[PDB]
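Working notes for the structure below.
Coordinate-derived values only; no laboratory data. Quick reminder, even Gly has a Cβ in these numbers, built from the backbone with ideal geometry, and neighbours come from all protein chains shown.
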Protein chains: 2
Amino acid sequence: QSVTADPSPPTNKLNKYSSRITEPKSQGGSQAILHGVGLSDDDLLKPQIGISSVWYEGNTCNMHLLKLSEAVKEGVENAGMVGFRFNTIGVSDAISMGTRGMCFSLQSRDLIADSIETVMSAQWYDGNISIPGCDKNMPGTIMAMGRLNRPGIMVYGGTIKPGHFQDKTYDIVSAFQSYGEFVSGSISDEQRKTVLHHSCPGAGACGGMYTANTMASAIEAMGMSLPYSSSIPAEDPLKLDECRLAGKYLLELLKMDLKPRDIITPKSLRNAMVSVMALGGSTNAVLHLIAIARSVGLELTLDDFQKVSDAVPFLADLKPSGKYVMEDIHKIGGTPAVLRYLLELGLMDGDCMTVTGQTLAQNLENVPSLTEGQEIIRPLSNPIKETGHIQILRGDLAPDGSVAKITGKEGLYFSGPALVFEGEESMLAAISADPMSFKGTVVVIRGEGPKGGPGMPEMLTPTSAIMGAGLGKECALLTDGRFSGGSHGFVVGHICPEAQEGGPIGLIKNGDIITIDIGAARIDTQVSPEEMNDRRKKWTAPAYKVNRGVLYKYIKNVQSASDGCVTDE
Amino acid sequence: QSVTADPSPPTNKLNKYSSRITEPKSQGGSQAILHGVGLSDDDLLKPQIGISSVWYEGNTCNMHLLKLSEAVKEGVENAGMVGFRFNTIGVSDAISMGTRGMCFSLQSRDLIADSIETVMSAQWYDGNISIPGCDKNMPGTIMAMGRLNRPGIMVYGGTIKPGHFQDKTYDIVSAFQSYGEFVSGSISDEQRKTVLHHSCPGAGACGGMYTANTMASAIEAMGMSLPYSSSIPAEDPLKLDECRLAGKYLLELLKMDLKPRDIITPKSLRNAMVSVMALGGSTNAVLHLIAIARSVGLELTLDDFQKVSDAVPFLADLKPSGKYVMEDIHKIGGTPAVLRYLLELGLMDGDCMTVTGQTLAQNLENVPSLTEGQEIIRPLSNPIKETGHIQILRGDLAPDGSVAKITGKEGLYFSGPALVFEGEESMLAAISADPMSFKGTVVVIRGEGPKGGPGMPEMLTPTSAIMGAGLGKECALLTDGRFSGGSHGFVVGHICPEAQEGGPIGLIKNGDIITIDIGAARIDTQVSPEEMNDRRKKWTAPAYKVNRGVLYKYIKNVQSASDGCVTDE
Ligand SMILES: C#CCN1C(=O)[C@](O)(C(=O)O)Oc2cc(F)ccc21
Ligand SMILES: C#CCN1C(=O)[C@](O)(C(=O)O)Oc2cc(F)ccc21
Ligand code: FES
Ligand code: FES
Ligand SMILES: [Mg+2]
Ligand SMILES: [Mg+2]
């Protein structure tokens, strides 16, 4: 697509954009401000780099990013350019999980994209270095780089180290776990609060192969982060060095005029998808990689994910599904070692250009390969699963698609009477009052989509409640929103069209026999198509849950989950 | 209106919102993050204050706000609460003026509103202290406070001091001036660059009674800033003290549960409008005060502004129209002294509650009144103008309203043949190639509205070019966008419906006789209504100038200029 969003520059000038305001005499007001913020006349000739961090104090994943941003600015100066720091908002899923605050989480990705686009466009910056540390902030920064198509590098803030107390290990999942184990009698109240004091020991995104580590890995695999960016821990001295080197690398990109639309291509998008399948990455990567592909005017469908999934085995023993964390990947050679193996297996395209100014194959040719004897990355011979964990389903009830994490452990079928809830709250109430009424059913939590939630919130408590009731393999779980963790059975999100839009999920009634077939990739109903259409003819959309503010704007702008919930089309 | 946007709290608890995540055991994940960012168990009991600054390095108005935010956080802690800093984006009109970057400026107000709303909602903060320093950021922060309706205080970053070099004085307007004076032969190239090195000497919003000082004054008059917030200079030691005291005042507001919808009322909105008229404030205050009124579920029309204008004289000798700057107001008693006089004149409502926990009259009862012999604030006896500078016009060509700054100096009428331009660029080209073709005409610059610009950009060069061509009193100027400065004649912006929407402004043709009548408050055309309707029947909307990114979303969401360009309705 021919994306029209942001200003074009006024051939090998390095200040292609800022010359708009630093050179013409008709822009004397611009130059006066720049002198006032401390630029000399000689500084006016230099490229201006927008340094967009996502620092804030109320989240471990973000509280350290200001220090990183100072390192990035110093490196930009040490490279002969002018560095201008600015900062946008972010929100913490770990804080807001379980609450209505979670309705504000997904859209913060698109707010951040808008934020950085706005500043780069208004201030005429020549290039960008972004420092996210957290979930939705990674893809938000890439989307703004794609819209602007000015040279850019994403510096991942880095993952948090695991927590340790008396030879037992924790992360944020342990803290999520602790309340269920408390009411379960599994642990006492004193054990439960030791969990919460010792779960997150410092700065960083959440420790496992969760959304943050998935996206940072995928973005590195996409060539838009420097090698090792995704795997160096947040608190590591080498993270600061990477910050200080981004300026040098960005200078080279301005010299080459190597732009994000030269780096983010169908093939580098595939490389990113390969990393997701190989590492067992989050199903949220489906939403974010589609948004990222759209931002550079490319197409990316649910079916493209199925094809890559089928072509790529699950190889990594990493939480949540497995046992290791991102720090362990760091210790055995980092993300470049992992990608080196995948490239040697012929699974990746090595000719894609990256922010090093070289191709992926040139980056990976001379990096230490995986540590001899490591048990995290299985060989192609003995994979954890022969194909990817990510599965697309499209039955009667998800005609426009849906997304599931499938281990190959759950069997190929589940059939049961539907048990329908209009939100997370009523589902949890019902399973507390009456767990046995759930045995054998297909639990449907609807009204949680992009418009219905609103905000397509991530829900963790339904899968926790089902496990703690002992129903993990004895029920299935469907939503137009998103589930956070796994059952030991069938769990499907992103069901499209969402219930708010009158998709078949909004027409289900209690007792309807729903059949999930993994092999046919279908979520079907025993209800006849004509009775479903009768239900459709009689359906009226429920009133929106908001009429003002950022979430009403989201409702007005957001596309379906199958379209990556983009908001600017 | 019954605004539904943001979460409701789970009677005299001070942590009405954060208890949602600090108290229930089912929110152990939340508490683990909070322990990791450094909260003790005792800290968990305290109120959590979101401290939203708009710091960034590429603008003199914003580069210092991080230091202010540290002072605010210390004061919040010294008051027994937990302070969590976060930061959003802003853009600089002084940098981007004259460029397509200016299309991103107005919408940044609404992006900021969305930004702060998002974080307060996701993180469950109990109250907010906002630190803007710049144009669109002031009203953006109030709008988020109104949506949330949690106790909040806006701390103005403060105005910049004027520049000084060899017993001559400058501000950003001097830098804007300098290029026109250069091509004019008025000044040399060396004099022109002395202007630009000595125009903005440090931190702060632009020095005159421009948008920033208008809005900060109006917001103080509205009771949503502490007394003197608007008039203390950015670099003043007392600004840091105000920062350090906001925590104490916010604590009292939580104790009283005095919320923004208890403070922003029809009467405090009128108080804010009174300050605008009395001080000669920017016509942008029309857009921002309407947006602010909408954010608390109130109504505010163009006609309400006309009524207050008629009821309130223009009293202040302040640039751009006059001679003094905000620092001078500071030296003669500040904004509270000005408001004290206006309250003594019976022009303001003294019973409105404010963020001090007291009413306006209680705040102003014991502040030093204006300095004896000051010549900035004229007496009611001898006003600069008997009524307000701000005028609403609604002829054939602006049926839904338009806004003009009228001094009472220009006469009551202008009639001339229309000279129509589809954008700022073609207007400036035409006036350079052929200035005399402009003599006696009504210059129409259309396609610059909220959707057409897009972004309703502010235009400075048309009024500069007209003055430098010697045509200041010999032509008139109309737009669906915004003009920055004054002619010495008739200059109208915000014309509604905008041309992009097929309003009569989009149907004007060269030669059409346009008559501006200030007394009747009408912009009329000699063209017959039936010929205008014929033109309308044949009109087709031009294609949007963008199809992606934040500005396309703006086009999709923004209401008319007459509706304050709100985006969330
Ligand atoms: C980044 C990160 C952590 N991450 C979270 O923190 C969570 O809240 C969770 O509970 O796993 O949401 C998630 C959902 C998902 F598919 C993958 C990861 C996460
Ligand atoms: C704040 C501020 C300064 N301010 C500007 O800086 C300007 O760019 C200008 O030239 O006056 O835009 C403006 C337009 C207006 F109506 C009032 C003020 C401004
Ligand atoms: S909450 Fe920030 S990475 Fe999970
Ligand atoms: S540009 Fe910031 S106040 Fe004028
Ligand atoms: Mg998450
Ligand atoms: Mg301005």
- Listed by chain and number, the residues whose amide H is under 5 Å from that of A:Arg522, excluding neighbours fewer than 5 places away on the same chain and using placed H, are A:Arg394, A:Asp517
- Note on the structure: Computed, not fitted: 222 nm per-residue ellipticity of the protein assembly as shown from DSSP H runs ≥ 4 (each -39500 (n - 2.57)), nearest 500, equal to -11000 deg cm²/dmol
- Note the distances from B:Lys267 to each other copy's matching label point, with points 7 Å along the Cα-to-beta-carbon direction, in nm, sorted shortest first. 7.2
- Task: Output ³J(HN,Hα) for segment B:414-424: one whole-Hz value per residue in order, computed from phi by the Karplus curve 6.51 cos²θ - 1.76 cosθ + 1.60 with θ = phi - 60°, and x for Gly and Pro.
- Result: 9, 9, x, x, 5, 10, 9, 10, 7, x, 5
- Task: Take peptide A:168-176, look around each residue's Cβ out to 10 angstrom, count Cβ atoms belonging to other protein chains, and average those counts.
- Result: 3
- Query: What length, rounded to one decimal in nm, is gained on full extension from A:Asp310 through to A:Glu422, with 0.36 nm per residue of separation minus their alpha-carbon distance?
  - Reply: 36.9 nm
- Note on the structure: Here segment A:456-466 yields Karplus 3J(HN,Hα) values (6.51, -1.76, 1.60; θ = phi - 60°; whole Hz; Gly and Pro given as x) of 6, x, 8, 10, 9, 5, x, 5, 5, 4, 5
- Query: Can you sort B:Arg20, A:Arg340 by how many other beta carbons sit within 10 Å, fewest first?
  - Reply: B:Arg20, A:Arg340
- Note on the structure: Sorted by chain and then number, the residues having a modelled amide H within less than 5 Å of the amide H of B:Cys496, at least 5 places away or on another chain, are B:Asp400, B:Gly401
- Message: For A:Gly357, place a label point 7 Å from Cα along the Cα-to-Cβ direction in every copy; what are the distances to the other copies, in nm, shortest first?
- Response: 6.1
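With the Cα gyration tensor of segment A:423-560 giving a ≥ b ≥ c as the square roots of its eigenvalues, does the rule (a/c under 1.5 for rounded; else a/b larger than b/c for prolate; else oblate) give rounded, prolate or oblate? Mind showing how you got there, number by number?
On the way: a/c = 1.77, a/b = 1.23, b/c = 1.44.
In terms of gyration-tensor shape, oblate.
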- Note on the structure: One finds the C-alpha centres of segment B:462-504 and segment A:452-479 to be spaced, in Å, by 59 Å
- Starting with the fewest neighbours, write out B:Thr371, B:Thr22 ranked by other beta-carbon atoms found within 10 Å of each beta-carbon. B:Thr371, B:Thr22
- Task: Search the structure for amide H atoms under 5 Å from the amide H of A:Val444, placed 1.01 Å from N in the peptide plane, and list their residues when 5 or more places away or on another chain.
- Result: A:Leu419, A:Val420, A:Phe421, A:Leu478
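Pairs of Cα atoms under 8 Å, at least six residues apart: use those to get the relative contact order of segment A:352-470, whole percent. List each step's numbers first, then the result.
Values: 90 pairs, mean separation 18.1, N = 119.
Relative contact order, segment A:352-470: 15 percent.
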- Message: What Kirkwood Rh does the protein assembly as shown have if only Cα atoms enter the pairwise 1/r average? Answer in Å.
- Response: 30.6 Å
- For B:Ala94, what charge total do you get from the other residues with a beta carbon under 13 Å from its beta carbon, if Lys and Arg give +1 and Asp and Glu give -1? -3
- Task: Have a look at the DSSP beta bridges in chain A and tell me what percent are antiparallel, nearest 5.
- Result: 40 percent
- Message: What translational diffusion coefficient, to the nearest whole µm²/s, does segment A:515-569 have by Stokes-Einstein, given a Kirkwood radius computed over alpha-carbon pairs, a temperature of 4 °C and 1.567 mPa s viscosity?
- Response: 89 µm²/s
- Message: Over all directions, the average projected area of the alpha-carbon convex hull for segment B:142-281 comes to how many nm²?
- Response: 10.3 nm²
- Message: I'd like the Karplus ³J(HN,Hα) series for segment A:211-226: coefficients 6.51, -1.76, 1.60, θ = phi - 60°, whole numbers in Hz, and an x wherever there's a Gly or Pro.
- Response: 4, 4, 5, 3, 5, 5, 5, 5, 6, 4, 4, 6, x, 9, 10, 5
- Query: Given Cα pairs under 8 Å that are at least 6 residues apart, what percent is the relative contact order of segment B:489-557?
  - Reply: 24 percent
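Can you pull the mean other chain C-beta count within 10 Å for peptide A:389-400?
Working: counts 0, 0, 0, 0, 0, 0, 0, 0, 0, 0, 0, 0.
Average per residue, whole number: 0.
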- the protein assembly as shown: antiparallel bridges as % of DSSP beta bridges, rounded to 5, reads 45 percent
- Looking at chain A, which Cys residues are left with no other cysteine's beta carbon under 4.7 Å from theirs? A:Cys103, A:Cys200, A:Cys206, A:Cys243, A:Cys352, A:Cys475, A:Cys496, A:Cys565
- Task: Determine which chain A residue has its Cβ at minimum distance from the rotation axis mapping A onto B, giving the value in whole Å.
- Result: A:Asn87, 2
- Enter the Cα centre distance for the pair segment A:132-183 and segment A:185-241, rounded to the nearest angstrom. 5 Å
- Message: If you take each beta carbon of peptide B:550-561 and count the beta carbons of other chains within 10 angstrom, what is the mean?
- Response: 4
- Item | Inter-copy spacing of A:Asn533 label points, which lie 7 Å from Cα along Cα→Cβ, given in nm from shortest upward | 4.5
- Task: Could you let me know the centre-to-centre spacing of segment B:531-569 and segment A:525-569, using Cα atoms, in angstrom?
- Result: 25 Å
- Query: When a footprinting reagent is the concern and you count Cβ atoms within 10 Å, what order do B:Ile431, A:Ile292, A:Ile516 take, fewest first?
  - Reply: B:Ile431, A:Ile516, A:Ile292
- Message: Ratio of alpha-carbon Rg to the 2.2 N^0.38 Å globular estimate for chain A, to two decimals, please.
- Response: 0.97
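What relative contact order, as a whole-number percentage, does segment A:421-569 give when Cα pairs under 8 Å and 6 or more residues apart are counted?
On the way: 247 pairs, mean separation 31.3, N = 149.
Once normalised by length, the contact order is 21 percent.
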